[PDB]
Every structure is written in structure tokens, then in C-alpha cells.
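Protein chains in written order, with the deposited numbering: chain A, 4 to 230, 239 to 377, 381 to 398, 416 to 473; chain A', 4 to 230, 239 to 377, 381 to 398, 416 to 473; chain A'', 178 to 230, 239 to 377, 381 to 398, 416 to 473. A prime marks a further copy of an entry chain.
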Amino acid sequence: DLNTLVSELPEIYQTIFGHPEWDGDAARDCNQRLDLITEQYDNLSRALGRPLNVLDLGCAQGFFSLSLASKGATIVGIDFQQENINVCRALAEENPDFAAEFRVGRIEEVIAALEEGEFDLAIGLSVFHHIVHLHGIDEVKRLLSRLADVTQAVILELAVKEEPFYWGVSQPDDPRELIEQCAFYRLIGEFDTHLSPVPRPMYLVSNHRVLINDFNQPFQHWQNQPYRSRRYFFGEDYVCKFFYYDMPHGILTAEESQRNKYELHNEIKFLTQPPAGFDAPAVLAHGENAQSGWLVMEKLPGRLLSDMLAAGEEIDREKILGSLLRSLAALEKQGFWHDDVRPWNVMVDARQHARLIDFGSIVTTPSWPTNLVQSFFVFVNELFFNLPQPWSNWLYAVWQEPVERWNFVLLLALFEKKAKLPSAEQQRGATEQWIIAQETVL
Amino acid sequence: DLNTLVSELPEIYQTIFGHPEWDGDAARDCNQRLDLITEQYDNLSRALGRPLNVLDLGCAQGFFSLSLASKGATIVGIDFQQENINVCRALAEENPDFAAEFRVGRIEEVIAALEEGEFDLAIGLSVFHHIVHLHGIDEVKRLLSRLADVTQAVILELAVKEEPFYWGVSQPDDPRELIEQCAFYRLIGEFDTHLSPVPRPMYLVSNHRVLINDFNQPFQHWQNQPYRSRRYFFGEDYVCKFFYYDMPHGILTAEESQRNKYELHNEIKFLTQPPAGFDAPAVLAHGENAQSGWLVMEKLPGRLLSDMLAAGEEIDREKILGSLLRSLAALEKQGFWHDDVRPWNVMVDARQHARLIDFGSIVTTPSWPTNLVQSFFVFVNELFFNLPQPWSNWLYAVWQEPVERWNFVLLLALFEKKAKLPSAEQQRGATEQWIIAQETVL
Amino acid sequence: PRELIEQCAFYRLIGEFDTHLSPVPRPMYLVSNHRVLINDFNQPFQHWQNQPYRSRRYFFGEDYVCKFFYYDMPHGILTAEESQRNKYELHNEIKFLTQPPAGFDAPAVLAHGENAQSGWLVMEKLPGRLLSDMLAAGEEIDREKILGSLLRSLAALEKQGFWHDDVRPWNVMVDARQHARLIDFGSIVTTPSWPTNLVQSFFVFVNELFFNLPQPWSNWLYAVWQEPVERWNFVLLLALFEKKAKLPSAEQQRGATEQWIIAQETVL
Ligand SMILES: C[S@@+](CC[C@H](N)C(=O)[O-])C[C@H]1O[C@@H](n2cnc3c(N)ncnc32)[C@H](O)[C@@H]1O
Ligand SMILES: C[S@@+](CC[C@H](N)C(=O)[O-])C[C@H]1O[C@@H](n2cnc3c(N)ncnc32)[C@H](O)[C@@H]1O
Ligand SMILES: [Cl-]
Ligand SMILES: [Cl-]
């Protein structure tokens with residue numbers, strides 16, 4: 004009888020599915036986590052076009068497993084306590100059309116035995132801290148990496164060191180240390196455990212998909228360090252830029268988080284409303300919240316200029332500078348400037364034409383834009416002290432201009448006629464050269 | 004003043020008896036435990052015919068002690084904190100007609116000093132885990148055995164390892180390990196501690212009485228292993252069979268608990284409504300709940316057959332088999348059969364007449383009852416390969432019968448005429464002998 | 178060294194090399210979690226299995250199953266006899282399937298090979314579930330159709346001079362229409381009194397598929430037991446099975462032993 008099986012549970016951790024007579028006894032009601040988990044189930048099931056295979060690690064009394072099997076999922080639940088599995092099975096038998104199997108076993112061994120594709124979704128709620136406590140953080144990171152490797156999505160509720168108990172001392176400084184080796188992760192909620200006032204964060208993690216409520220797609224590769240608070244995911248015709256505002260440990264000062272926030276916000280604003288006369292990459296999706304923000308754009312051909320420079324690839328500096336200057340002059344005509352023109356913000360296509368790819372540093376108002387013209391000289395010099420004729424003549428001509436006349440329209444016009452300009456080396460000069468050379472060091 | 008004494012309490016653990024101004028401050032309200040404890044007090048006081056002497060171990064602020072003294076109990080409360088005892092005494096003085104004494108002291112030393120008969124009831128609520136933590140499980144088991152030895156009843160609320168605190172690690176795997184050496188125990192409730200979502204079980208324990216709400220009687224001996240989930244208590248004219256459905260540790264699989272449940276349930280059903288033509292032992296009391304079930308029956312004279320066989324006692328196999336077969340044939344005539352006729356289910360009285368004593372295996376419907387007739391041959395053989420004439424002739428005659436004719440009426444009729452039946456050894460036979468001999472091995 | 182890799186799905190020893198540090202060579206392994214990588218057959222698989230129903242592994246791809254037997258295993262794992270039996274069964278299975286008897290639909294063979302360490306066989310993938318799984322997972326089964334279909338194929342084998350030494354639930358696959366077929370031919374044999385022992389085990393099979418026999422299955426078995434033993438064979442077993450509804454009622458006879466001998470066998 005169920006009555007007996009429930010009584011022999013060492014703990015009624017969860018609601019007993021279908022049996023509200025024990026709801027008052029359950030340590031956690033599970034309705035809040037279930038609301039969120041079912042939402043994520045539906046998103047992923049919608050994206051894949053079918054009911055999911057779900058793995059429930061440390062499934063306890065089966066509540067999540069049964070609740071998802073109720074919605075048509077095929078589920079396997081694992082727990083190392085016989086009493087828990089006995090209850091799960093008895094509950095499944097009350098619901099014979101549910102495709103639900105349960106097994107006694109250890110999560111460590113199950114994870115090792117998993118095969119990719121066997122399960123679409125795995126859930127591991129409030130169980131990994133037990134594995135951390137016995138086996139350490141590094142083994143748990145590797146288990147979670149494998150779990151992510153073999154599924155499409157993982158949902159974790161993770162206990163945290165701020166919980167007032169003795170086992171908190173063995174926890175990592177931040178729960179994200181268990182998952183940050185995985186490609187994609189997002190905080191999706193925080194839950195009351197009824198053990199203390201400290202809530203546990205729930206994360207959605209994937210090694211194969213961008214999983215954003217509005218955009219759910221496989222990616223084939225990703226990158227953290229461009230050219239660690241920013242991640243880029245590459246899919247067939249998209250790039251997803253994912254910025255963390257909230258990072259663990261020291262990592263971001265207050266100012267840096269706000270700048271991450273500012274840049275991504277500014278980039279969204281610009282790309283959703285780009286200026287006429289400028290071909291901006293197209294925007295497929297975007298959103299922001301307290302922890303992070305994201306932007307999905309059309310994927311552009313070409314390579315990042317800084318990579319090409321580093322990997323000594325052959326470049327046409329004339330075509331790169333011409334194309335870039337043309338776009339900067341067109342921005343300026345619409346009252347837009349870019350505050351940070353550097354090789355890692357520039358992409359060069361197969362025909363050696365260049366374009367900006369980060370619009371975080373775009374600005375709309377201001381003497382000005384004189385400083386930006388100055389840096390652009392450094393850019394130029396780093397792209398190559417190092418300027419042959421007629422690039423040196425171009426820079427010399429600009430320096431002879433009254434400063435109120437420095438702007439990108441002028442920079443472009445002089446660039447286009449640089450072959451006609453007088454020879455700098457024939458003049459006393461000589462300072463423009465030395466100031467930028469010191470700038471280009473500085 | 005009471006105000007000062009209460010303030011100097013390191014903790015207001017309990018309601019301050021008579022002083023509801025501190026009820027909001029009390030860690031535990033105590034009303035739920037008190038409701039249950041008073042019920043048990045009344046049962047035992049009713050059974051003994053008088054007010055009880057009660058011992059309250061780790062009595063804290065005296066709530067249980069005073070509440071029972073209010074109902075006419077004579078109480079002694081023990082606690083090792085002076086501040087707690089000061090409050091208890093001040094409260095007792097506000098209630099001068101209560102027969103209540105309080106002493107500072109250690110439970111370990113008090114238990115050692117107890118004399119049998121001094122107290123009828125001892126209560127030890129949420130205190131033994133402190134003794135486990137400092138002295139270990141084995142010393143605590145011995146203290147609890149002595150406590151049970153010297154009282155009529157013990158009520159314990161026991162902390163458990165699932166509680167989230169550091170001291171949980173020192174607790175036994177299951178709280179029943181502290182008490183299972185005692186003769187009689189029953190779970191009577193589970194209580195919220197307000198420290199966590201994990202409740203503490205309350206047990207009623209005795210080394211001298213069966214304490215079931217409907218049946219409250221001394222017993223003079225008891226037994227676990229017949230001939239450990241089943242216990243038998245023997246009193247003057249009764250035997251109480253007590254089956255645990257819920258057992259600690261691995262001990263019972265789900266199927267085994269259900270079979271314990273099934274057998275005891277089936278036995279109750281049969282004995283409360285026995286078939287005409289069959290003398291069944293009489294039923295004095297019975298009940299079942301999630302954890303266990305019990306049945307109190309009239310006590311039958313005689314010895315269990317398997318004991319007599321083991322202790323090589325002299326037996327009359329003719330009279331045993333005759334009497335048993337007669338009762339089996341009468342059952343069968345009423346549409347009843349017994350699925351498990353074995354020596355440990357048979358009792359033999361002084362005149363060598365035998366009867367069944369376990370009706371867990373009784374069944375009412377089904381080719382059949384051919385299998386049961388087959389086992390009965392094994393029974394027969396074990397009661398003695417080993418069959419002399421005319422027992423061998425009896426079995427041979429049965430084997431020559433078409434199988435649709437095998438039943439206990441036939442078995443009995445052939446048994447009664449076995450001296451007239453043809454000699455098996457004069458026939459080719461020979462197989463019935465070898466099949467049962469292999470069965471009787473198997 | 179295999180302890181570092183045996184958790185991976187597919188592995189094969191491909192050579193052994195002199196290190197010039199000592200006379201002890203180092204093995205080179207080819208390992209994959211995604212493909213069967215056999216020189217003749219190189220294909221993705223989508224799942225794999227070790228324990229059927239650990240020296241044998243099965244890889245499942247879109248229209249194939251690859252059976253991979255280790256003859257050479259680490260540690261204690263295989264005695265000499267067991268390795269040779271792995272070798273024998275896989276060899277025997279290859280021989281049978283590459284040259285199957287007329288009158289028997291055998292799964293088709295896509296690739297195969299053997300060497301010192303292991304042997305492999307890639308076959309067409311058959312629909313259905315393994316009978317022992319269905320029994321374990323209490324799935325609904327039609328014992329009439331399973332036994333009928335299986336007996337028909339066994340009788341046809343026998344007519345071609347072939348028998349199967351090990352008819353058990355884990356060697357039988359049942360399709361959606363409840364028709365059954367053998368899927369392991371390691372235990373096929375060609376010569377021998382006989383095939384009387386095999387007929388006997390088939391009764392156990394029958395009983396485990398359900416002591417436990419209702420009419421007319423019990424009548425069928427009783428009829429077989431009344432036959433002189435030189436007449437026991439699968440053609441007879443099949444013929445009596447097809448007419449079992451007409452056969453006399455066993456419970457009306459003294460019997461009774463055939464029942465008890467198989468019940469003890471079915472324990473044993
Ligand atoms: C704190 S409970 C969480 C239960 C459930 N996941 C939930 O949050 O509602 C941890 C569960 O995981 C199980 N567990 C802990 N370690 C395990 C392991 N190594 N393998 C399988 N189950 C494990 C326990 O038996 C227990 O049921
Ligand atoms: C957790 S409180 C339980 C109080 C009370 N029995 C109740 O549950 O309402 C434990 C009490 O036992 C007392 N105590 C602990 N160890 C003791 C010992 N060895 N001897 C006497 N009292 C003890 C403490 O002073 C404290 O008042
Ligand atoms: Cl966790
Ligand atoms: Cl306790």
C-alpha cells in the first residue's frame with residue numbers, strides 16, 4: 004500500500020503526486036519549481052517538435068518526473084534510496100499510461116553511463132551539493148559537463164555556501180563555478196527551500212543550444228574571450252552575443268557590469284533603429300534582465316581584423332581603411348560616431364572590405383570629434416614610426432588643418448586624395464609622427 | 004520572580020505552564036505532543052486503575068510534568084540545567100496541590116539509579132540525541148532498555164539523522180535502532196520541531212505490557228524469530252501477534268511489507284469470520300495502520316511442531332497427520348485451503364492432536383488444489416526416501432488417481448484406509464517416491 | 178590499459194609498438210563514442226548496449250546492428266573456455282548467416298571479421314522487442330502467436346538439419362504483430381539420442397513463458430510425453446501444437462509426472 008511506502012520514507016521531501024493528503028507533510032511543495040520547469044519543458048519540446056525524454060537525477064518521490072510524464076514526457080528517475088524509488092514506482096502504477104521508469108542508483112554512475120541523444124532534458128535539483136560534499140568540486144564540474152554534453156538542456160537547482168549549515172563550508176564560493184565550464188547558462192529563478200531564508204538559484208544550462216525564451220536554436224560553436240563576462244554563440248545564420256552583468260567572485264566591478272549593461276543596451280538601440288546610409292547587421296532577437304542581456308544578430312562573413320593581424324594573414328590596408336572610413340563618414344553625416352575603432356571591433360570579408368561589428372561604443376553627441387580622429391591615427395599606425420608615403424602624407428595633411436575642421440568626412444576626403452598630397456618628409460613636420468608613435472605605444 | 008527566572012533561561016524551549024505571555028516566545032508550543040501524551044497517560048492509568056507516577060527526563064521548563072500533575076499524576080522532572088529547574092520549581096509553587104518534584108541531574112545517572120516500580124511512565128522527548136552525540140548509540144540503547152525495564156511504559160520523541168544539522172551525522176541510520184531491543188514498540192505520532200521541515204517520530208515502548216489503544220495488558224514473555240518483522244507477546248490467556256509493515260534499513264522490500272500486510276489482514280478476516288466445521292482460535296482484538304498491524308488471539312495449548320522436531324521430542328505422526336488432515340478436509344468442504352502447511356505453522360497439544368495456527372496463507376479460490387496436495391507430501395516426508420509402509424502405500428494410491436481428483440477430502444479418505452491399500456514396494460512405482468524426495472530437498 | 182577506455186562505447190586494439198625503452202610494447206587503441214570503426218564498415222551509431230537483456242557489445246545504427254564480441258578481455262573476466270565460446274558462437278553465427286538454410290528467413294549480413302582479440306558481425310536491424318524484456322517489463326504478449334511462429338521456424342530448421350541449442354527469451358525477438366524469431370545463432374548446430385534434450389528444454393522455455418500451464422498447453426505437453434522418445438523432434442512438437450485444442454485433457458489422466466519434472470526443470 005502507498006500509505007506504508009510513504010511512511011517508510013526517511014523524509015517526505017516532495018509532494019506525493021496525486022496524493023494531497025501528504026502535502027502538509029512535504030518539506031517542499033514543488034509547485035513553484037514545477038511551474039518553471041514545465042515552461043522550459045514546453046519551450047524545448049516546441050523547438051524539437053516532439054515530446055521529450057527526460058532524466059530526473061535524485062528524483063526523490065517522483066514529483067517532477069510524474070508531473071512531466073503527465074504532460075507526455077518519457078521519463079527516467081534515479082535515486083540512491085530504495086524507499087524513494089518504491090514510492091515512485093507505486094505512484095507510476097497508479098498512472099499506467101505515464102511513460103515513467105525509476106531505478107535505484109548513484110548519479111555518478113548513471114552520468115558515466117549516459118549516451119548522447121538518449122535524453123533531451125536532464126534535471127538535477129538540490130542533489131549535486133551532496134556529490135560536492137563527498138567527491139569535491141572538480142569531479143562535479145566534470146559530471147555536469149558530461150551531463151550537458153549528452154543532453155540538449157540541463158536544469159539545475161544548486162545549494163549555496165550562504166546556507167547556514169555545516170555542509171555549506173564545502174560548497175564552492177559561487178554555484179556558477181560548477182557550471183561555467185558549460186557553454187550556455189542562464190539563471191531562470193530562485194527558490195525558498197524552507198530550511199532557511201537563503202534561496203537556491205535555478206540555472207538552465209546547455210552545451211548544444213541557445214535557450215532563450217524567444218530564441219531556441221542549436222549552435223555549432225561558441226567563444227568566450229573575444230579575439239570572460241561575454242560569450243558568443245555561432246549557429247547556421249546567427250551569432251548570439253551574451254553579456255553577463257552579474258558575474259561571480261571579484262570578476263566585474265560595479266562600473267564594469269554597468270558598462271556591459273550600457274554597451275549591450277546601446278548596441279540593441281542602434282541596431283534596432285539603424286541610421287540610413289549605414290548597413291548594420293540585422294537583429295533577430297534580444298532581451299535583458301538583472302543578470303545578463305543577449306542579442307541575436309545575422310552572422311556576417313569574414314574574419315576579425317585582429318585575428319588576421321595576429322595570424323599574420325595577408326591584408327589590403329587600402330581597402331580596409333577605405334571601406335571603414337567610408338562607413339565612419341556616413342555615420343558621422345547621420346550624427347553617429349564610434350568611440351572605440353580597434354582591430355577587434357572590425358571584420359574583414361573575402362574581398363578585403365571592412366565593417367564594424369561592435370556597436371556598444373556608438374555615440375550620438377559630443381571640441382569634437384577631434385579625439386576620435388586622433389585615435390583613428392593610432393588604429394592606422396597599429397594596422398601597420417610605421418607609415419609609408421602616402422599614408423604619412425595623409426596624416427600630415429590632417430595635422431595642418433585647424434582642429435575645428437577635424438572630422439571623419441575630412442579624414443575620408445583626404446584619404447581618397449592621399450596620392451596627390453604633398454610629401455611629409457619634405458617638410459619640417461615632424462611631430463605628428465612622434466605624437467602618434469608615443470600614442471601608439473600609449 | 005518568575006519574570007526573572009524565565010529571562011535567565013538560556014532558551015524558552017517550552018510553553019511556560021500557566022503563563023501564556025511567553026507562548027509567542029516558546030520554541031515549541033507543546034500542545035500537540037501533550038494531546039497525545041495525555042491520551043496515553045489516560046489509557047495506562049485506566050489499565051492500572053490509578054493515577055501514575057511519571058518520570059520526565061530532560062524536563063526543560065516543566066510543561067509536560069506540570070500538565071500531567073494537573074491531571075493528578077505524581078511527577079518527577081529531571082534536567083541538567085539549573086535555570087530550567089529553577090523555573091519548574093517556581094511554577095510548581097504556583098500550583099501547590101500538584102505532586103511535582105524537580106531535580107538538577109544527568110539522565111545517565113538518574114536512569115542508573117531508578118528502581119523498578121518507582122515510576123509507571125517515563126517520557127523522554129527530544130533529549131536522547133544529546134546523549135547519543137556525547138556517549139554513542141550502544142550506551143543509549145542500554146539506558147533505554149533499563150528505562151523500559153523499570154517502568155510500565157516509555158514515550159520517546161527521537162531526533163533523526165535527516166534533520167539538517169551537524170549533529171545529525173552522529174545519529175543512527177534509523178531512530179528505531181535505539182529501541183528495537185525493547186520488547187514492544189509502536190509509532191504513535193510525528194511532530195514539527197520548528198527547526199526544520201523534518202519531523203520527529205514519537206514512540207510508545209514497553210518491556211512489560213502490550214500497549215494498544217484497545218488492548219492494554221501485561222505480557223510475561225515475547226518472541227521475535229518464530230520457531239524480525241513479526242513479534243509475539245504471550246500473556247495469561249492471550250497471544251498478541253504484532254507485524255511490522257514499516258521496518259528500518261533494508262529489512263523489508265516493498266513486496267515483503269505488502270505480504271506482511273496481506274497475511275495479517277487475511278488472518279484477521281478469516282478469524283473474525285471463520286468457516287463452520289472448523290475450530291479457529293478466538294479473536295480478542297485487532298487493528299492495522301501504516302506502520303504495522305496486530306492481532307490478539309486466545310492462547311492455545313501445545314507446542315509448535317517444528318520445535319518438537321528440532322528438539323527431537325516424541326511425536327505421534329499418525330495422530331498429528333490424522334488431526335491435521337481432518338481439519339484440512341473440513342476447510343476444503345467450506346471452500347477454504349491453506350497455502351503453506353509447514354511444521355512452523357502447526358501446533359501439537361498434549362494428546363498429540365494438531366492444528367494450524369497461522370492463517371495468513373488461507374485462500375478461497377483457485381487445476382487445483384493439486385499443487386497444495388503435492389506440498390502436503392513434502393510436509394509428510396519432512397515429518398519423517417523416508418516413508419515406511421503404510422504411509423508409502425497411501426502416497427502411491429494418491430499418485431494413481433487422475434489429477435482432477437486430487438484434493439484434501441481424498442487425501443483424508445485414503446489416509447484413513449491406508450492399512451488396507453496395496454503395497455507400493457510390490458509395484459513398479461517408483462517415481463512418486465523420487466519426485467517428492469527431490470521436492471523435499473527442493 | 179583498457180580500464181582507461183572501457184567506459185567508451187567502441188574500442189579495438191589496432192596495433193602494438195616497440196618503445197625502445199624496454200621489451201614491453203604499448204598497445205594502440207581506436208576508440209569512439211559515435212561510430213563503429215571497422216576497416217570494412219565505418220558508420221555512426223545512435224545507441225549501444227553492453228549487457229544483453239560484459240564481453241559482448243551491440244551497436245545500433247539506422248538500419249544495422251553490430252555485434253562486437255571480445256575474445257580477449259582484461260582482468261579475470263573470461264576464462265580460456267569462455268573466450269573460446271565467444272569465439273565459437275560468433276564464428277558459428279557468421280557461418281550460418283552467410284550461408285543460411287532455405288526455408289528460413291535469417292537476418293542479412295552486412296559485414297564481419299574476426300581477429301585475435303575480438304570478432305564482429307554487422308547485420309540488418311530487425312523490428313520488435315526482445316522477449317525477455319517484454320516479460321520483465323510485464324508487456325502484453327500473445328503466447329499462442331509467439332510459440333506458433335517460433336515452432337514453425339524451428340521445425341523448418343530441423344527439416345534442413347539444423348537445430349538451436351539455446352532457445353531462451355533473451356534469444357527471441359517479437360515484432361508488433363506478435364510473431365517471434367530467433368536472433369542469436371551462436372547456438373545453432375548441425376548434427377547430434382537426439383534432438384530429445386532440446387525438446388525437453390523447449391518445455392521449460394514454454395513454462396517460463398508462462416506448474417503454470419493451462420489447458421490446452423498442458424494437453425500438448427502430455428501428448429508429447431506419451432510419445433516414444435525416438436519420435437521427439439520439432440516437427441512433432443509443431444504438429445501437436447497446431448492440434449492442441451483437439452488433444453485429450455491431461456488432468457483427466459494419471460499423468461502426472463511430466464508436469465512435475467518440468468516444474469523441477471524450470472526451477473533447475
Ligand atoms: C535533497 S533531495 C532532492 C530531491 C529532488 N531532486 C527535489 O529537489 O525535489 C536529494 C535526493 O537525491 C538522492 N541522491 C543523493 N545522492 C544521490 C546519488 N549519488 N545518486 C542517486 N541519488 C542520489 C537522494 O536520495 C534524495 O532523494
Ligand atoms: C531539546 S530539550 C527537550 C526538552 C523537553 N524534554 C521537550 O522536548 O519539550 C533537552 C532538555 O534536556 C536537558 N538535558 C540534556 N541532557 C541531559 C542530561 N544528560 N541529563 C538531564 N537533562 C538533560 C536539557 O537541559 C534540556 O532541557
Ligand atoms: Cl545542489
Ligand atoms: Cl531525541
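Just so you know, even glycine gets a beta-carbon here, dropped at the ideal spot from N, CA and C.
Per the CB criterion, closer than 6 Å to any heavy atom of ligand 3, the qualifying residues run in chain order as A:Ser129, A:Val130, A:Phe131, A:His132, A:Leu161, A:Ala162. Ranked by Cα distance from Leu316 of chain A'', the first of A'':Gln363, A'':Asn277, A'':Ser209 is A'':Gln363. At least one beta carbon of chain A' lies nearer than 8 Å to the beta carbon of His197 of chain A. In this structure, the alpha-carbon of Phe131 of chain A lies about 12 Å from that of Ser173 of chain A. A straight-line Cα-Cα distance of about 15 Å links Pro377 of chain A and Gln388 of chain A. In the pairwise beta carbon analysis, the region 108-119 of chain A is classified as touching the region 141-151 of chain A: at least three pairs are separated by under 8 Å. Taking a cut-off of 8 Å on C-beta distances, the region 301-310 of chain A'' does not touch the region 330-349 of chain A'', as fewer than three cross pairs fall below it. Look at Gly120 of chain A: its C-beta is under 8 Å from a C-beta on chain A''.
Taking the CA atoms as reference points, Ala322 of chain A' sits about 18 Å from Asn395 of chain A'.
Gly52 of chain A and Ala76 of chain A have their C-alpha atoms roughly 13 Å apart. Distance from the CA of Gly460 of chain A' to the CA of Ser381 of chain A', rounded to the nearest whole angstrom, comes to 24 Å. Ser423 of chain A' and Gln431 of chain A' have their C-alpha atoms spaced approximately 13 Å apart. For the pair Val359 of chain A and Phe398 of chain A, the Cα-to-Cα distance works out to about 16 Å. In this structure, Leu161 of chain A' sits near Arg203 of chain A', with a CB-CB distance shorter than 8 Å. For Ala50 of chain A', the enclosing alpha helix (DSSP H) stretches over residues 34-51.
The C-beta of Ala265 of chain A' comes closer than 8 Å to at least one C-beta of chain A. Residue burial annotation: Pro13 of chain A' is exposed, with fewer than 16 other C-beta atoms found within 10 angstroms of its C-beta. Under DSSP, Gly304 of chain A'' forms a beta bridge with A'':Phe254, A'':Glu299. Distances between the C-beta of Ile81 of chain A' and the heavy atoms of ligand 2 include at least one below 7 Å. Relative to ligand 2, the nearest heavy atom lies less than 7 Å away from the CB of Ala63 of chain A'. In its chain, beyond the 5 residues on either side, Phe446, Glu447 have a beta carbon closer than 8 Å to the beta carbon of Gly333 of chain A'.
The three-state secondary structure of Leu214 of chain A', taken from DSSP, is strand. Taking the CA atoms as reference points, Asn46 of chain A sits about 23 Å from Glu104 of chain A.
Taking 8 Å as the CB threshold, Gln220 of chain A'' stays off the interface with chain A.
With the criterion set as a beta carbon lying under 8 Å from some beta carbon of chain A', the members of the region 4-27 of chain A are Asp4, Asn6, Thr7, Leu8, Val9, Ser10, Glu11, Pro13, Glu14, in sequence order.
Residue contact with chain A'' for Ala115 of chain A: present (Cβ-Cβ distance below 8 Å to some residue of chain A''). The criterion of a C-beta distance shorter than 8 Å is satisfied by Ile158 of chain A' and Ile40 of chain A'.
Neighbours of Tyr169 of chain A in chain A', taken as residues whose beta carbon is under 8 Å from its own, are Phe168, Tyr169 in chain order.
Contact between the region 90-97 of chain A and the region 118-128 of chain A is absent, with fewer than three C-beta pairs closer than 8 Å.
Taking a beta-carbon distance threshold of 8 Å, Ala365 of chain A does not count as an interface residue toward chain A'. Taking the CA atoms as reference points, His297 of chain A sits about 53 Å from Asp177 of chain A'. Straight through space, the alpha carbons of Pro259 of chain A' and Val153 of chain A' are spaced by roughly 26 Å. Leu159 of chain A: member of the beta strand (DSSP E) spanning 156-160, first to last residue.
Cβ contact annotation for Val107 of chain A (same chain, cutoff 6 Å, sequence separation greater than five): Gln85, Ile88, in chain order. A straight-line Cα-Cα distance of about 23 Å links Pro421 of chain A' and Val357 of chain A'.
Residue range 102-107 is occupied by the beta strand (DSSP E) that includes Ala103 of chain A, with no alpha helix (DSSP H) assigned at that position.
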